[PDB]
Every structure is written in structure tokens, then in C-alpha cells.
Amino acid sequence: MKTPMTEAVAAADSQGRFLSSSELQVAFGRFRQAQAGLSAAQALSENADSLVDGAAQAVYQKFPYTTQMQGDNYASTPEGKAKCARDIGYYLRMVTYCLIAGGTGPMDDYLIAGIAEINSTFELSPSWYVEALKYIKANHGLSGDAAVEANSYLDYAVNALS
């Protein structure tokens, strides 16, 4: 786990010294913009059920075989649909955490590190999750800076899967 605030401390610590004027500026900037991320996280959280369920149905529409083909990797059973909606909710929750954290740290630590091994082992297509993320981007209803901050993390996840 790192964020600009903890990287400022890590830099000072690596040199055995107290925080510098430049490191105090990291804190000024963080507190100047932190509320934007808190508000965007809260807005997404409040719409999580609609966004996750809508994203799952968007994936099933683009990839109809995922609800028809038999296999442990597919959403052709109630159990498979539940795994899929669960995973999409994980992605949305990670986006809210990044908004609260002021960086990618939560998504890096909890989701991206190891994702390629998971998807390979369990035969899950990264392209399925890309469509879920693009549905969320198109449907969160955030404006302006809030939209850019949320979209930055949705796009970061797409990139990690692409």
C-alpha cells in the first residue's frame, strides 16, 4: 500500500530525515483535493447495486455464450452468475477505495497484483471485465472532475486487463 502521502514519508525515511518543505506541499495538495474523491466514492457506493447488476447484464449481452456454455468458468448457472456479479462488485468497490485513498494503491494491492494468474488459472476472459468497467464508466452519472477521477481508476483497471 502506498499513496502520495505515504511516498512522501517513505522518501524522508529512506534518507533518515524529518519531512522537507516539498513533502509538506504533498499534504497541502492532498487535503486541498481529498474531499472531491470522498464525495465521488460516496456517490458510486450509493448506486452500487444498480451499477453492478447493470454491468453484469451488459457483459452477458456482449458475450452471450457466457450464459449458455456449460463450464465452471461461465455464468450459465445461478452459482456462475453470482461469482460474476461478486467479481464486478469487487472492481467497483476497489474504484471507491482508490477515490478515498487518492491513488491506485488499493486496487494495486487487492486486485491487480495477481489478476493475470487468477484469470489464466480459472479461464476467465479479461475482455468480460473490460465490458463491465466500460458499462460503469458510461452509467455512474458523475460530472466533471468527479467523473474524471472515477474514470481514471476504471480506465486503469481496463488497461491492466488489456
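Each residue number is its position in the shown sequence, starting from 1.
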Mind pulling up the entry and telling me whether 10-18 or 144-152 has the higher mean Cα temperature factor? 10-18
Taking the deposited Cα B-factors and averaging over 86-94 and over 73-81, the higher mean is found in 73-81
Between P106, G29, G102, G114, let me know which has the highest C-alpha B-factor in the entry? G114
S125 by Cα B-factor - lowest, middle or highest third of the modelled chain: lowest
If you rank every modelled residue in this chain by C-alpha B factor, which third holds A36: lowest, middle or highest? highest
Going by what the PDB entry lists, where does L133 fall on CA B-factor within its chain: lowest, middle or highest third? lowest
Taking only the Cα B-factors deposited for this chain, tell me whether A48 sits in the lowest, middle or highest third. highest
Entry-reported Cα temperature factor of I118, expressed as the chain third it lands in: highest
